[PDB]
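Student: Once you've had a glance at the structure underneath, I'll fire off some questions.
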Amino acid sequence: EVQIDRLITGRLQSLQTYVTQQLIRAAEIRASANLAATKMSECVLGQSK
Amino acid sequence: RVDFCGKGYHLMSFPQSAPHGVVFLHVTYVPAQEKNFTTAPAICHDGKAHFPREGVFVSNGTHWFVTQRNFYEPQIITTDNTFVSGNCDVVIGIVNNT
Amino acid sequence: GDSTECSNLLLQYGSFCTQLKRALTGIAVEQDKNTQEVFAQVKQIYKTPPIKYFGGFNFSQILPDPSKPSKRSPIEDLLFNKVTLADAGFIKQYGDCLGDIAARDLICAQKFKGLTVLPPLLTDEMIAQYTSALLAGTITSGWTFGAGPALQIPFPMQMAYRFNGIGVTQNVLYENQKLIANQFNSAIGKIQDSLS
Amino acid sequence: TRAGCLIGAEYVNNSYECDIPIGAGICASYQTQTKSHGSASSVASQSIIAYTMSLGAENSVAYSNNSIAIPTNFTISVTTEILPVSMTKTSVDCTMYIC
Ligand SMILES: *[C@@H]1O[C@H](CO)[C@@H](O)[C@H](O)[C@H]1NC(C)=O
Ligand SMILES: *[C@@H]1O[C@H](CO)[C@@H](O)[C@H](O)[C@H]1NC(C)=O
Ligand SMILES: *[C@@H]1O[C@H](CO)[C@@H](O)[C@H](O)[C@H]1NC(C)=O
Ligand SMILES: *[C@@H]1O[C@H](CO)[C@@H](O)[C@H](O)[C@H]1NC(C)=O
């Protein structure tokens, strides 16, 4: 039980770090996608000055 | 900027405070009730090509007018709303008119 | 893993799984939102006209290919092949759901470790359909299809509008229409060559 | 569906707008159809149907090398855009929380 607790803490920390880095790069992807929607509206759906 | 202050041609906007946020009442212009016409890229007159200054050439079938690109309002094509630049050979699709 | 002994100790640490699953679900619905906002900017699907003469301009490499099973454009085909494809959550009765194209089959392995990749709400087929609708609106309607009803306009006229929008008198576009078409075609070909 | 197996919903060849996205372009909805000719608000079977997403009315823009469309009227639309600005500012007494 102690060893499984240690392994659970390790894997949970690994998953939590994975989820946080996914959140950070998902905010990055969301910024890029907002930029892409802006470019669709102003370059594809219009002409941007 | 297209689709930045609401879908359509944005006219104005009004802020309204709300709990932990703002609501923008995007007053925008939207076109509707369209009509189809026959168009040309330039008008050939006196051997020279006239291009519209601000609008676009349309025809209802027998008469040719120049209208604003976002709201239908026929006007008689004259030299005040058109400029002459070029010759009546390069324009692929020029149309005889007056 | 497949163990209740670990799960009993696992639930002791609280609603951490609830937070993690909620964050991942928010990420997934945010991906759906991203695709919808980028591509689904219109709610009318536009059919490409059968006759594709556009004043000399050539959109063969960007318009959909009818012969292709997926109706993807040649440029889109190049982009599809060049990128090392991951899985898309498809199913072909293979046991492992979809058949990854000899690139990243290890997703199947990633399936075993209590995890899966979820298919996008818009399949690549209907994503390409949205892209084709956008392209047809741009070619036929111009910018008008994004601010209300779609208003058809010949492509050289839209080129004249785009010329006027950058401070260049649109008459120039008609004085060198064939030159502009040739330069556009050559630039698209060079784009294909550079990508390949 | 390409996402998996759907039970309790009946597949419909007709396509409506997405209500509950299932996956791979397939969406579910609770629909009121008179196929069974039974009660108005409760059909004889389960009213959960599944359909391919309708991306929209398949408009056919009447393209021609000499045809244009000009709008004759307009609507003054007042849409609503809601922007979060400031979340509730929070203070945590570290010592009081932990200890
Ligand atoms: C068009 O206009 C030109 C000069 O503006 C004239 O020479 C020609 O006869 C007209 N008709 C045709 C069919 O080109
Ligand atoms: C086109 O508009 C003019 C404007 O006065 C009108 O006289 C003419 O009858 C119209 N033609 C058609 C076919 O509606
Ligand atoms: C315009 O009509 C068709 C439709 O695209 C086109 O293929 C043809 O080349 C054009 N004809 C003329 C006379 O401009
Ligand atoms: C334009 O549309 C409005 C609808 O709000 C209508 O009341 C008005 O009569 C229309 N104008 C014309 C000229 O038909």
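Protein chains in written order, with this note's numbering: chain S, 16 to 64; chain V, 22 to 119; chain B, 478 to 673; chain Y, 1228 to 1326. C-beta atoms are modelled at their ideal positions from N, C-alpha and C, and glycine is treated no differently.
Let me have the residue list for ligand 1: C-beta closer than 7 Å to any non-hydrogen atom, ordered along the chain.
Tutor: That query returns the following residues: V:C65, V:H66, V:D67, V:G68, V:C109 and V:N117.
Student: Would you call the CB atoms of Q518 (chain B) and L60 (chain S) closer than 8 Å?
Tutor: Against a cut-off of 8 Å, the Cβ pair of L60 (chain S) and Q518 (chain B) comes out as a contact.
Student: Compute the minimum distance between the beta carbon of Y651 (chain B) and the heavy atoms of ligand 3, and state whether it is under 7 Å.
Tutor: Not so, every heavy atom of ligand 3 lies at least 7 Å from the Cβ.
Student: Please find out if some non-hydrogen atom of ligand 3 comes closer than 7 Å to the beta-carbon of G623 (chain B).
Tutor: Outside the cutoff, so no.
Student: If you reduce the DSSP assignment to three classes, tell me which class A42 (chain S) lands in.
Tutor: Residue state, collapsed to three classes: helix.
Student: Can you give me the C-alpha to C-alpha distance between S56 (chain S) and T49 (chain V), rounded to a whole angstrom?
Tutor: C-alpha separation (whole angstroms): 16 Å.
Student: Determine which residues share a DSSP beta bridge with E652 (chain B) and list them.
Tutor: DSSP, once it has assigned bridges, lists no residue as partnering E652 (chain B).
Student: Does the Cβ of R90 (chain V) have 16 or more other Cβ atoms within 10 Å, making it buried, or fewer, making it exposed?
Tutor: Burial call: buried.
Student: Using beta carbons (cut-off 8 Å, strictly below), is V111 (chain V) in contact with chain S?
Tutor: So no, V111 (chain V) is outside the interface.
Student: Identify whether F632 (chain B) lies in helix, strand or coil by the three-state DSSP scheme.
Tutor: Helix.
Student: Taking the straight line between their C-alpha atoms, what separation do you get for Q489 (chain B) and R21 (chain S)?
Tutor: So the alpha carbons of these two residues sit roughly 14 Å apart.
Student: Can you tell me where the alpha helix (DSSP H) holding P551 (chain B) begins and where it ends?
Tutor: Per DSSP, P551 (chain B) belongs to the alpha helix (DSSP H) from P551 to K559.
Student: Taking DSSP as the reference, what is the three-state secondary structure of residue 121 (chain V)?
Tutor: For residue 121 (chain V) there is no data in the structure shown, the boundaries of chain V being 22 and 119.
Student: Could you tell me if the beta carbon of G533 (chain B) falls within a distance shorter than 7 Å of some heavy atom in ligand 3?
Tutor: Incorrect: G533 (chain B) has no Cβ contact closer than 7 Å to ligand 3.
Student: I need the DSSP call for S34 (chain V), collapsed to helix, strand or coil.
Tutor: Three-state DSSP puts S34 (chain V) in coil, outside helix and strand.
Student: Looking at the strands, I want to know which residues DSSP matches up with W85 (chain V).
Tutor: DSSP output for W85 (chain V) lists V:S80 as bridge partner(s).
Student: Please state whether DSSP places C1254 (chain Y) in a helix, a strand or coil.
Tutor: Residue state, collapsed to three classes: strand.
Student: Could you confirm whether any beta carbon from chain V is found closer than 8 Å to the beta carbon of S47 (chain S)?
Tutor: False, the Cβ-Cβ gap to chain V never drops below 8 Å.
Student: Quick one: measure Cβ to Cβ for residue 146 (chain V) and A61 (chain V), integer angstroms, because I've assumed they're closer than 8 Å.
Tutor: Here chain V covers residues 22 to 119 and nothing more, so residue 146 (chain V) does not appear.
Student: Below 8 Å on the Cβ atoms is my guess for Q508 (chain B) versus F72 (chain V); work out the distance and round it to an integer in Å.
Tutor: Not quite, the Cβ-Cβ distance comes to about 46 Å (not below 8 Å), so this is no contact.
Student: Under a Cβ-count criterion, where at least 16 other Cβ atoms within 10 Å of its own Cβ denotes burial, should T1279 (chain Y) be classed as buried or exposed?
Tutor: Result: buried.
Student: Between which two residues does the beta strand (DSSP E) harbouring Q54 (chain V) extend?
Tutor: That run of the beta strand (DSSP E) goes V48 to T60.
Student: Identify each residue in the stretch 43-55 of chain V for which the Cβ-Cβ distance to at least one residue of chain B is less than 7 Å, and report them in chain order.
Tutor: From the stretch 43-55 of chain V, only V51, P52, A53 and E55 have a Cβ closer than 7 Å to chain B.
Student: So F92 (chain V) is in the beta strand (DSSP E); what residue range does that whole segment cover?
Tutor: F92 to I97 is the span of the beta strand (DSSP E), which, as asked, contains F92 (chain V).
Student: Just the Cα atoms here: how many angstroms apart are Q587 (chain B) and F557 (chain B)?
Tutor: Looking at the two C-alpha atoms, the distance is approximately 23 Å.
Student: Looking only at its chain, what residues have a beta carbon closer than 7 Å to the beta carbon of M33 (chain V), apart from the 5 residues adjacent to it on each side?
Tutor: Same-chain partners within the cutoff: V48.
Student: What residues sit near ligand 3, counting only those whose C-beta is closer than 7 Å to one of its heavy atoms, in chain order?
Tutor: Residues with a Cβ closer than 7 Å to any heavy atom of ligand 3, in chain order: V:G114, B:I528, B:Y530, Y:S1291, Y:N1292 and Y:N1293.
Student: Does ligand 2 have a heavy atom nearer than 7 Å to the CB of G82 (chain V)?
Tutor: Because some heavy atom of ligand 2 lies under 7 Å away, the Cβ of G82 (chain V) counts as near it: yes.
Student: Would you kindly check if the distance between the Cβ of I1247 (chain Y) and the Cβ of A1230 (chain Y) is under 8 Å?
Tutor: No, these two residues do not count as a Cβ contact at 8 Å.
Student: Would you mind stating whether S1256 (chain Y) and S1281 (chain Y) have Cβ atoms separated by less than 8 Å?
Tutor: No.
Student: Between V1312 (chain Y) and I643 (chain B), what straight-line distance do the alpha-carbon atoms span, to the nearest angstrom?
Tutor: Answer to the nearest angstrom: the Cα atoms are 35 Å apart.
Student: May I ask you to report which of helix, strand or coil DSSP gives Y1243 (chain Y)?
Tutor: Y1243 (chain Y): coil per DSSP, three-state reduction.
Student: Touch check for the stretch 596-614 of chain B and the stretch 517-535 of chain B: three-plus C-beta pairs under 8 Å?
Tutor: Yes, the stretch 596-614 of chain B is in contact with the stretch 517-535 of chain B.
Student: Kindly identify the DSSP beta-bridge partner or partners of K28 (chain V).
Tutor: Per DSSP, none; premise fails for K28 (chain V).
Student: If you measure beta-carbon to beta-carbon, which residues of the stretch 1274-1289 of chain Y are closer than 8 Å to chain B?
Tutor: Those would be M1280, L1282, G1283, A1284, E1285, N1286, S1287, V1288 and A1289, in chain order.
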